[PDB]
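query.txt (compact mmCIF, N, CA and C atoms)
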# COMPACT_ATOMS: atom_id res chain seq x y z
N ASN A 319 -7.78 65.10 -152.12
CA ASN A 319 -6.84 63.99 -152.02
C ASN A 319 -5.44 64.38 -152.50
N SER A 320 -5.20 65.66 -152.75
CA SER A 320 -3.91 66.11 -153.26
C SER A 320 -2.88 66.16 -152.13
N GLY A 321 -1.60 66.17 -152.53
CA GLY A 321 -0.51 66.24 -151.59
C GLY A 321 -0.25 67.67 -151.13
N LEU A 322 0.87 67.82 -150.42
CA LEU A 322 1.24 69.12 -149.86
C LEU A 322 2.23 69.83 -150.78
N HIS A 323 2.09 71.15 -150.87
CA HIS A 323 2.99 71.99 -151.64
C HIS A 323 3.65 72.99 -150.71
N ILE A 324 4.98 73.02 -150.73
CA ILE A 324 5.77 73.80 -149.78
C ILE A 324 6.47 74.92 -150.53
N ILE A 325 6.36 76.14 -150.01
CA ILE A 325 7.03 77.31 -150.56
C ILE A 325 7.87 77.93 -149.46
N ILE A 326 9.17 78.08 -149.71
CA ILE A 326 10.12 78.57 -148.72
C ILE A 326 10.55 79.96 -149.15
N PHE A 327 9.90 80.99 -148.60
CA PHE A 327 10.41 82.33 -148.77
C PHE A 327 11.70 82.50 -147.97
N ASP A 328 12.35 83.65 -148.15
CA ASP A 328 13.64 83.88 -147.51
C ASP A 328 13.89 85.38 -147.46
N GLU A 329 14.34 85.87 -146.31
CA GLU A 329 14.48 87.31 -146.09
C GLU A 329 13.17 88.01 -146.46
N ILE A 330 12.07 87.53 -145.88
CA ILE A 330 10.74 87.93 -146.30
C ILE A 330 10.46 89.40 -146.05
N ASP A 331 11.36 90.12 -145.39
CA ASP A 331 11.22 91.55 -145.16
C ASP A 331 11.91 92.38 -146.24
N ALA A 332 12.34 91.75 -147.33
CA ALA A 332 12.92 92.50 -148.45
C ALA A 332 11.85 92.98 -149.42
N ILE A 333 10.73 92.26 -149.51
CA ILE A 333 9.63 92.62 -150.39
C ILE A 333 8.40 93.04 -149.61
N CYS A 334 8.14 92.41 -148.47
CA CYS A 334 6.97 92.71 -147.66
C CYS A 334 7.32 93.74 -146.59
N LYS A 335 6.55 94.83 -146.56
CA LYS A 335 6.75 95.88 -145.57
C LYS A 335 5.42 96.59 -145.35
N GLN A 336 5.38 97.41 -144.30
CA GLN A 336 4.19 98.19 -144.00
C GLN A 336 3.82 99.04 -145.21
N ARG A 337 2.54 98.99 -145.59
CA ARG A 337 2.07 99.73 -146.76
C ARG A 337 1.95 101.21 -146.43
N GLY A 338 2.48 102.06 -147.31
CA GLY A 338 2.47 103.49 -147.12
C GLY A 338 3.68 104.05 -146.40
N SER A 339 4.48 103.20 -145.76
CA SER A 339 5.67 103.69 -145.08
C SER A 339 6.76 104.08 -146.07
N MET A 340 6.98 103.25 -147.09
CA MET A 340 8.02 103.51 -148.07
C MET A 340 7.53 104.49 -149.13
N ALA A 341 8.44 105.34 -149.61
CA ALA A 341 8.14 106.29 -150.66
C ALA A 341 9.25 106.27 -151.70
N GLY A 342 8.90 106.62 -152.93
CA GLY A 342 9.87 106.65 -154.01
C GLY A 342 10.18 105.31 -154.63
N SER A 343 9.29 104.33 -154.49
CA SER A 343 9.48 103.01 -155.09
C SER A 343 8.90 102.91 -156.49
N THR A 344 8.17 103.92 -156.96
CA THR A 344 7.46 103.92 -158.23
C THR A 344 6.24 103.00 -158.22
N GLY A 345 5.85 102.49 -157.05
CA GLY A 345 4.66 101.68 -156.92
C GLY A 345 4.88 100.19 -157.00
N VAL A 346 6.02 99.74 -157.52
CA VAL A 346 6.27 98.31 -157.65
C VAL A 346 6.39 97.63 -156.29
N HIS A 347 6.68 98.38 -155.23
CA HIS A 347 6.85 97.83 -153.90
C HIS A 347 5.59 97.96 -153.04
N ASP A 348 4.46 98.31 -153.65
CA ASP A 348 3.20 98.40 -152.92
C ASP A 348 2.07 97.61 -153.56
N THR A 349 2.28 97.01 -154.73
CA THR A 349 1.32 96.08 -155.31
C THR A 349 1.72 94.63 -155.11
N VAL A 350 3.01 94.37 -154.89
CA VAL A 350 3.47 93.02 -154.59
C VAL A 350 2.81 92.52 -153.31
N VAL A 351 2.75 93.37 -152.28
CA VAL A 351 2.13 92.97 -151.02
C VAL A 351 0.65 92.68 -151.23
N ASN A 352 -0.03 93.52 -152.00
CA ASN A 352 -1.45 93.30 -152.26
C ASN A 352 -1.67 91.97 -152.98
N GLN A 353 -0.86 91.69 -154.00
CA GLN A 353 -0.99 90.43 -154.72
C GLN A 353 -0.76 89.25 -153.79
N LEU A 354 0.28 89.32 -152.96
CA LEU A 354 0.59 88.21 -152.06
C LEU A 354 -0.55 87.98 -151.06
N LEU A 355 -1.07 89.07 -150.49
CA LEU A 355 -2.18 88.94 -149.55
C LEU A 355 -3.40 88.33 -150.22
N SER A 356 -3.77 88.83 -151.40
CA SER A 356 -4.94 88.30 -152.08
C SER A 356 -4.75 86.85 -152.49
N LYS A 357 -3.51 86.42 -152.72
CA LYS A 357 -3.27 85.06 -153.19
C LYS A 357 -3.19 84.04 -152.06
N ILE A 358 -2.63 84.41 -150.90
CA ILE A 358 -2.55 83.44 -149.81
C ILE A 358 -3.94 83.08 -149.31
N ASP A 359 -4.81 84.07 -149.13
CA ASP A 359 -6.15 83.85 -148.58
C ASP A 359 -7.13 84.74 -149.34
N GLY A 360 -7.78 84.17 -150.35
CA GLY A 360 -8.69 84.92 -151.19
C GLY A 360 -10.10 84.37 -151.21
N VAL A 361 -10.90 84.81 -152.18
CA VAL A 361 -12.28 84.36 -152.26
C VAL A 361 -12.34 82.87 -152.57
N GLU A 362 -11.46 82.38 -153.45
CA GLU A 362 -11.35 80.95 -153.69
C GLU A 362 -10.67 80.28 -152.49
N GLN A 363 -10.84 78.97 -152.38
CA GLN A 363 -10.35 78.20 -151.24
C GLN A 363 -9.17 77.34 -151.67
N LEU A 364 -8.07 77.44 -150.92
CA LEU A 364 -6.91 76.57 -151.06
C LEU A 364 -6.66 75.88 -149.73
N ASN A 365 -6.32 74.59 -149.79
CA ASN A 365 -6.16 73.81 -148.56
C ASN A 365 -4.95 72.88 -148.62
N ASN A 366 -4.01 73.10 -149.53
CA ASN A 366 -2.88 72.20 -149.71
C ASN A 366 -1.58 72.98 -149.92
N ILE A 367 -1.36 74.02 -149.12
CA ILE A 367 -0.11 74.78 -149.18
C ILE A 367 0.44 74.98 -147.78
N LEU A 368 1.70 75.39 -147.72
CA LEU A 368 2.40 75.65 -146.47
C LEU A 368 3.53 76.62 -146.76
N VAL A 369 3.49 77.80 -146.14
CA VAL A 369 4.41 78.89 -146.44
C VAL A 369 5.30 79.12 -145.22
N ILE A 370 6.61 79.13 -145.45
CA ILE A 370 7.60 79.33 -144.40
C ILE A 370 8.35 80.63 -144.67
N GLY A 371 8.54 81.43 -143.63
CA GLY A 371 9.29 82.66 -143.74
C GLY A 371 10.28 82.79 -142.60
N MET A 372 11.40 83.43 -142.90
CA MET A 372 12.48 83.61 -141.94
C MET A 372 13.06 85.00 -142.08
N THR A 373 13.32 85.66 -140.96
CA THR A 373 13.80 87.04 -141.02
C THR A 373 14.53 87.41 -139.74
N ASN A 374 15.29 88.51 -139.82
CA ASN A 374 16.04 89.04 -138.69
C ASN A 374 15.44 90.31 -138.10
N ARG A 375 14.41 90.88 -138.72
CA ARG A 375 13.75 92.09 -138.23
C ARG A 375 12.25 91.81 -138.19
N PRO A 376 11.78 91.10 -137.16
CA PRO A 376 10.37 90.68 -137.14
C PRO A 376 9.37 91.82 -137.18
N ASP A 377 9.68 92.98 -136.60
CA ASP A 377 8.66 94.00 -136.37
C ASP A 377 8.43 94.90 -137.57
N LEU A 378 9.25 94.82 -138.61
CA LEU A 378 9.03 95.64 -139.80
C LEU A 378 7.92 95.08 -140.69
N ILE A 379 7.71 93.76 -140.66
CA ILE A 379 6.77 93.14 -141.59
C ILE A 379 5.36 93.71 -141.40
N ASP A 380 4.57 93.63 -142.46
CA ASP A 380 3.21 94.16 -142.44
C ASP A 380 2.38 93.47 -141.36
N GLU A 381 1.49 94.24 -140.73
CA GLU A 381 0.64 93.70 -139.68
C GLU A 381 -0.50 92.86 -140.23
N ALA A 382 -1.01 93.20 -141.42
CA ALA A 382 -2.12 92.46 -142.01
C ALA A 382 -1.71 91.07 -142.48
N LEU A 383 -0.42 90.77 -142.51
CA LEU A 383 0.09 89.50 -143.00
C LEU A 383 0.35 88.49 -141.89
N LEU A 384 0.14 88.86 -140.63
CA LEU A 384 0.50 88.00 -139.51
C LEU A 384 -0.69 87.55 -138.67
N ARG A 385 -1.91 87.96 -139.00
CA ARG A 385 -3.06 87.50 -138.25
C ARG A 385 -3.26 86.01 -138.47
N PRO A 386 -3.92 85.32 -137.54
CA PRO A 386 -4.16 83.89 -137.73
C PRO A 386 -4.90 83.63 -139.03
N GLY A 387 -4.51 82.55 -139.71
CA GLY A 387 -5.04 82.19 -141.01
C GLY A 387 -4.06 82.38 -142.15
N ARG A 388 -3.05 83.24 -141.97
CA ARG A 388 -2.03 83.46 -142.99
C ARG A 388 -0.66 82.98 -142.53
N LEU A 389 -0.16 83.49 -141.40
CA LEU A 389 1.11 83.05 -140.81
C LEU A 389 0.88 82.93 -139.31
N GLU A 390 0.44 81.75 -138.88
CA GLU A 390 0.02 81.56 -137.49
C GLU A 390 1.22 81.36 -136.56
N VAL A 391 2.00 80.32 -136.80
CA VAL A 391 3.02 79.88 -135.85
C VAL A 391 4.23 80.81 -135.98
N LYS A 392 4.45 81.63 -134.96
CA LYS A 392 5.60 82.53 -134.90
C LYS A 392 6.59 81.99 -133.87
N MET A 393 7.87 81.93 -134.23
CA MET A 393 8.87 81.36 -133.35
C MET A 393 10.12 82.23 -133.32
N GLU A 394 10.76 82.24 -132.16
CA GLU A 394 12.03 82.93 -131.94
C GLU A 394 13.10 81.88 -131.65
N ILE A 395 14.25 82.01 -132.32
CA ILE A 395 15.34 81.06 -132.20
C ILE A 395 16.50 81.80 -131.54
N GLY A 396 16.64 81.64 -130.23
CA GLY A 396 17.61 82.38 -129.45
C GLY A 396 18.84 81.56 -129.10
N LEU A 397 19.74 82.20 -128.36
CA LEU A 397 21.00 81.58 -128.00
C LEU A 397 20.77 80.40 -127.05
N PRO A 398 21.67 79.42 -127.04
CA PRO A 398 21.52 78.27 -126.16
C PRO A 398 22.12 78.53 -124.78
N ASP A 399 21.86 77.58 -123.87
CA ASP A 399 22.44 77.56 -122.54
C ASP A 399 23.40 76.37 -122.44
N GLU A 400 23.89 76.11 -121.23
CA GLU A 400 24.97 75.14 -121.06
C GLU A 400 24.62 73.79 -121.68
N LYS A 401 23.41 73.30 -121.42
CA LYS A 401 23.00 72.03 -122.01
C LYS A 401 22.93 72.12 -123.53
N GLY A 402 22.43 73.25 -124.04
CA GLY A 402 22.40 73.43 -125.48
C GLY A 402 23.79 73.38 -126.10
N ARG A 403 24.76 74.02 -125.44
CA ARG A 403 26.13 73.98 -125.95
C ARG A 403 26.72 72.58 -125.86
N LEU A 404 26.46 71.86 -124.76
CA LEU A 404 26.97 70.50 -124.65
C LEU A 404 26.37 69.61 -125.74
N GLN A 405 25.12 69.86 -126.12
CA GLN A 405 24.51 69.11 -127.21
C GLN A 405 25.12 69.50 -128.56
N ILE A 406 25.27 70.80 -128.81
CA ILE A 406 25.74 71.24 -130.12
C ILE A 406 27.18 70.81 -130.35
N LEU A 407 28.01 70.83 -129.30
CA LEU A 407 29.39 70.36 -129.45
C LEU A 407 29.47 68.85 -129.62
N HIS A 408 28.39 68.13 -129.35
CA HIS A 408 28.38 66.68 -129.42
C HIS A 408 27.86 66.16 -130.76
N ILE A 409 27.51 67.05 -131.69
CA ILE A 409 27.00 66.64 -132.99
C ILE A 409 28.10 66.82 -134.03
N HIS A 410 28.96 67.83 -133.83
CA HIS A 410 29.97 68.19 -134.82
C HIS A 410 31.27 67.43 -134.65
N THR A 411 31.44 66.67 -133.57
CA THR A 411 32.61 65.83 -133.36
C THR A 411 32.23 64.36 -133.30
N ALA A 412 31.11 64.00 -133.92
CA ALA A 412 30.69 62.60 -133.94
C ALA A 412 31.55 61.79 -134.91
N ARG A 413 31.83 62.34 -136.09
CA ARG A 413 32.63 61.62 -137.07
C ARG A 413 34.05 61.40 -136.57
N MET A 414 34.65 62.42 -135.95
CA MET A 414 36.03 62.29 -135.50
C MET A 414 36.18 61.17 -134.48
N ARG A 415 35.28 61.13 -133.49
CA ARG A 415 35.31 60.05 -132.51
C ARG A 415 35.06 58.68 -133.12
N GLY A 416 34.41 58.61 -134.28
CA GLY A 416 34.13 57.34 -134.92
C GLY A 416 35.36 56.62 -135.42
N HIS A 417 36.29 57.35 -136.04
CA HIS A 417 37.47 56.77 -136.66
C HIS A 417 38.73 56.95 -135.80
N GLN A 418 38.57 57.30 -134.53
CA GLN A 418 39.69 57.42 -133.59
C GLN A 418 40.65 58.53 -134.01
N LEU A 419 40.15 59.57 -134.66
CA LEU A 419 40.96 60.74 -134.98
C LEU A 419 41.00 61.76 -133.85
N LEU A 420 40.20 61.57 -132.81
CA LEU A 420 40.13 62.49 -131.68
C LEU A 420 40.85 61.87 -130.49
N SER A 421 41.81 62.61 -129.93
CA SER A 421 42.62 62.09 -128.84
C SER A 421 41.73 61.78 -127.63
N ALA A 422 42.31 61.04 -126.68
CA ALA A 422 41.62 60.63 -125.47
C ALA A 422 41.70 61.67 -124.36
N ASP A 423 42.32 62.82 -124.62
CA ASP A 423 42.48 63.86 -123.62
C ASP A 423 41.33 64.86 -123.64
N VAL A 424 40.83 65.21 -124.82
CA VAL A 424 39.78 66.22 -124.92
C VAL A 424 38.51 65.68 -124.27
N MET B 1 20.61 122.69 -147.15
CA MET B 1 19.21 122.42 -147.60
C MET B 1 18.97 120.91 -147.68
N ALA B 2 17.80 120.53 -148.18
CA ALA B 2 17.45 119.14 -148.38
C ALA B 2 17.70 118.76 -149.84
N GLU B 3 18.72 117.94 -150.07
CA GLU B 3 19.04 117.45 -151.40
C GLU B 3 18.31 116.14 -151.64
N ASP B 4 17.54 116.08 -152.72
CA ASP B 4 16.81 114.87 -153.05
C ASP B 4 17.79 113.70 -153.20
N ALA B 5 17.42 112.56 -152.62
CA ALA B 5 18.32 111.41 -152.61
C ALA B 5 18.78 111.07 -154.02
N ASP B 6 17.84 110.99 -154.96
CA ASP B 6 18.10 110.77 -156.39
C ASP B 6 16.77 110.47 -157.07
N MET B 7 16.60 109.27 -157.62
CA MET B 7 15.36 108.90 -158.30
C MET B 7 15.49 107.45 -158.75
N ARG B 8 14.36 106.85 -159.11
CA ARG B 8 14.35 105.53 -159.71
C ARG B 8 13.27 105.51 -160.78
N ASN B 9 13.42 104.61 -161.75
CA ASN B 9 12.69 104.67 -163.00
C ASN B 9 11.92 103.38 -163.25
N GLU B 10 10.81 103.50 -163.99
CA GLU B 10 10.01 102.36 -164.42
C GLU B 10 9.79 102.45 -165.92
N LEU B 11 9.49 101.30 -166.54
CA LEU B 11 9.49 101.17 -167.99
C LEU B 11 8.16 100.60 -168.47
N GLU B 12 7.82 100.91 -169.72
CA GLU B 12 6.60 100.42 -170.35
C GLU B 12 6.83 100.37 -171.86
N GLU B 13 7.00 99.17 -172.40
CA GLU B 13 7.44 98.99 -173.78
C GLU B 13 6.28 99.20 -174.75
N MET B 14 6.51 98.87 -176.02
CA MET B 14 5.52 99.05 -177.07
C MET B 14 5.77 98.01 -178.15
N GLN B 15 4.73 97.75 -178.95
CA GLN B 15 4.81 96.71 -179.96
C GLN B 15 5.85 97.06 -181.02
N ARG B 16 6.53 96.03 -181.53
CA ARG B 16 7.55 96.19 -182.55
C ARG B 16 6.95 96.05 -183.94
N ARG B 17 7.66 96.57 -184.93
CA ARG B 17 7.23 96.55 -186.33
C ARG B 17 8.25 95.75 -187.13
N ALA B 18 8.01 94.45 -187.26
CA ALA B 18 8.90 93.60 -188.04
C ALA B 18 8.82 93.94 -189.53
N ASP B 19 7.60 94.01 -190.07
CA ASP B 19 7.37 94.37 -191.47
C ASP B 19 8.23 93.54 -192.41
N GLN B 20 8.43 92.26 -192.07
CA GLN B 20 9.28 91.38 -192.86
C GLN B 20 8.49 90.44 -193.77
N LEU B 21 7.20 90.23 -193.48
CA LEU B 21 6.39 89.34 -194.31
C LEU B 21 6.20 89.92 -195.71
N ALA B 22 6.02 91.24 -195.79
CA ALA B 22 5.78 91.88 -197.08
C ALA B 22 6.90 91.58 -198.07
N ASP B 23 8.13 91.41 -197.58
CA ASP B 23 9.24 91.06 -198.47
C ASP B 23 9.00 89.71 -199.13
N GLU B 24 8.58 88.72 -198.34
CA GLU B 24 8.28 87.41 -198.89
C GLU B 24 7.13 87.50 -199.88
N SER B 25 6.10 88.28 -199.56
CA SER B 25 4.99 88.46 -200.49
C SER B 25 5.46 89.06 -201.81
N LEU B 26 6.32 90.07 -201.74
CA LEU B 26 6.82 90.71 -202.95
C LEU B 26 7.63 89.74 -203.80
N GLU B 27 8.50 88.96 -203.15
CA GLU B 27 9.27 87.95 -203.89
C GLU B 27 8.33 86.97 -204.58
N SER B 28 7.32 86.48 -203.85
CA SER B 28 6.37 85.55 -204.44
C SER B 28 5.67 86.17 -205.64
N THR B 29 5.25 87.44 -205.52
CA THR B 29 4.54 88.10 -206.61
C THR B 29 5.43 88.24 -207.84
N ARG B 30 6.70 88.57 -207.64
CA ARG B 30 7.62 88.64 -208.78
C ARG B 30 7.73 87.28 -209.47
N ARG B 31 7.76 86.20 -208.69
CA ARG B 31 7.77 84.88 -209.30
C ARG B 31 6.48 84.64 -210.09
N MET B 32 5.34 85.08 -209.53
CA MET B 32 4.07 85.00 -210.26
C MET B 32 4.23 85.62 -211.64
N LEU B 33 4.76 86.84 -211.66
CA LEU B 33 4.88 87.58 -212.91
C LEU B 33 5.78 86.85 -213.90
N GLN B 34 6.90 86.31 -213.42
CA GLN B 34 7.81 85.59 -214.31
C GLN B 34 7.09 84.41 -214.97
N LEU B 35 6.44 83.56 -214.16
CA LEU B 35 5.77 82.40 -214.73
C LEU B 35 4.67 82.82 -215.70
N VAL B 36 3.92 83.86 -215.34
CA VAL B 36 2.82 84.33 -216.18
C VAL B 36 3.36 84.79 -217.53
N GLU B 37 4.49 85.50 -217.53
CA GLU B 37 5.08 85.94 -218.78
C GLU B 37 5.51 84.75 -219.64
N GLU B 38 6.11 83.73 -219.02
CA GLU B 38 6.58 82.58 -219.81
C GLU B 38 5.42 81.83 -220.46
N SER B 39 4.31 81.67 -219.73
CA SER B 39 3.20 80.87 -220.24
C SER B 39 2.67 81.42 -221.56
N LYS B 40 2.64 82.75 -221.71
CA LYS B 40 2.08 83.35 -222.92
C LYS B 40 2.90 82.98 -224.15
Kindly return the structure encoded in the file as structure tokens.
Amino acid sequence: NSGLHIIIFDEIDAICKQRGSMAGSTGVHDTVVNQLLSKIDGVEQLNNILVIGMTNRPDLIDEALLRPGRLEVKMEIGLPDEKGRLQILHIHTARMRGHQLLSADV
Amino acid sequence: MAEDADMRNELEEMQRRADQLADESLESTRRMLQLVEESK
């Protein structure tokens, strides 16, 4: 009956990377991944969390961290098209049109 | 040749030795001695 707990990681490819690829870290960069993996989905059961990650280099992240059950929904946020631009330009000039600060020519 | 990039370091501390309680014990004991001398 518990509520939801949300954790928002950021630049998730700064700590998580393919294991064994990096060298000279003194080991601190190869046990963090193990701890995170064991904690997201371990022998005990958790059913009230939600983890969000965002990054600019999708393919560097560890492969064992992306199978279904840990980070299922993968999405790409690409550039817009003409309709997308007409929409985006129509959100940022809403206030100006409200108080008649925007001329009738534009 | 191949010049090593450099290096990075890790740390592992150790317990400290305050050894400050013994001073309070010694002060208390000296007070013991003073009172004991006066009582006689």
(request) With a distance threshold of 8 Å and counting all atoms listed in the file, extract the residues of chain A near chain B and express them as an MDAnalysis selection string. (result) chainID A and resid 342:344
(request) DSSP on the backbone, then: every residue of stretch 354-418 of chain A marked helix (DSSP H, G or I), written as a list in words. (result)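 Here is the list: residues 354, 355, 356, 357, 358, 376, 377, 378, 381, 382, 383, 400, 401, 402, 403, 404, 405, 406, 412, 413, 414, 415 and 416 of chain A.
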Return as lines of an AutoDock Vina configuration file the box centre and box size in Å, one decimal, for an axis-aligned box around all listed atoms of stretch 412-418 of chain A padded by 6 Å per side.
center_x = 35.7
center_y = 60.3
center_z = -134.8
size_x = 22.0
size_y = 19.4
size_z = 16.6
(message) Among stretch 320-415 of chain A, which residues does DSSP mark as strand (DSSP E or B) when it is run on the backbone? Keep the chain and numbering as in the structure and answer as number ranges by chain.
(response) A: 323-326, 367-370
Within 7 Å of stretch 345-353 of chain A, counting only N, CA and C atoms, which residues qualify if same-chain residues fewer than 3 places away don't, as an mmCIF file with N, CA and C atoms, in the coordinates of the input?
data_model
loop_
_atom_site.group_PDB
_atom_site.id
_atom_site.type_symbol
_atom_site.label_atom_id
_atom_site.label_comp_id
_atom_site.auth_asym_id
_atom_site.auth_seq_id
_atom_site.Cartn_x
_atom_site.Cartn_y
_atom_site.Cartn_z
ATOM 1 N N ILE A 333 10.730 92.260 -149.510
ATOM 2 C CA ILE A 333 9.630 92.620 -150.390
ATOM 3 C C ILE A 333 8.400 93.040 -149.610
ATOM 4 N N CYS A 334 8.140 92.410 -148.470
ATOM 5 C CA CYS A 334 6.970 92.710 -147.660
ATOM 6 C C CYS A 334 7.320 93.740 -146.590
ATOM 7 N N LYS A 335 6.550 94.830 -146.560
ATOM 8 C CA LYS A 335 6.750 95.880 -145.570
ATOM 9 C C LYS A 335 5.420 96.590 -145.350
ATOM 10 N N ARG A 337 2.540 98.990 -145.590
ATOM 11 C CA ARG A 337 2.070 99.730 -146.760
ATOM 12 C C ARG A 337 1.950 101.210 -146.430
ATOM 13 N N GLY A 338 2.480 102.060 -147.310
ATOM 14 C CA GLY A 338 2.470 103.490 -147.120
ATOM 15 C C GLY A 338 3.680 104.050 -146.400
ATOM 16 N N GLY A 342 8.900 106.620 -152.930
ATOM 17 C CA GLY A 342 9.870 106.650 -154.010
ATOM 18 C C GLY A 342 10.180 105.310 -154.630
ATOM 19 N N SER A 356 -3.770 88.830 -151.400
ATOM 20 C CA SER A 356 -4.940 88.300 -152.080
ATOM 21 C C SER A 356 -4.750 86.850 -152.490
ATOM 22 N N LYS A 357 -3.510 86.420 -152.720
ATOM 23 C CA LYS A 357 -3.270 85.060 -153.190
ATOM 24 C C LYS A 357 -3.190 84.040 -152.060
ATOM 25 N N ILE A 358 -2.630 84.410 -150.900
ATOM 26 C CA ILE A 358 -2.550 83.440 -149.810
ATOM 27 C C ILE A 358 -3.940 83.080 -149.310
#
(message) As an exercise, work out the distance from atom CA of residue A:341 to atom C of residue B:11 in Å and give it to one decimal place.
(response) 18.7 Å
(message) One decimal, in Å: what's the spacing between atom N of residue A:397 and atom CA of residue A:372?
(response)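 Atom-to-atom, atom N of residue A:397 and atom CA of residue A:372 are spaced 15.5 Å apart.
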(request) Go ahead and compute the interatomic distance for atom CA of residue A:369 and atom CA of residue A:396, in Å to one decimal. (result)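 Value for the atom CA of residue A:369-atom CA of residue A:396 distance: 21.8 Å.
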(request) With a distance cut-off of 10 Å and only C-alpha atoms, select the neighbouring residues of stretch 322-330 of chain A, excluding the residue or stretch itself and same-chain residues fewer than 2 positions from it, and output the selection as a ChimeraX atom specification. (result) /A:319-320,332-335,365-376,379
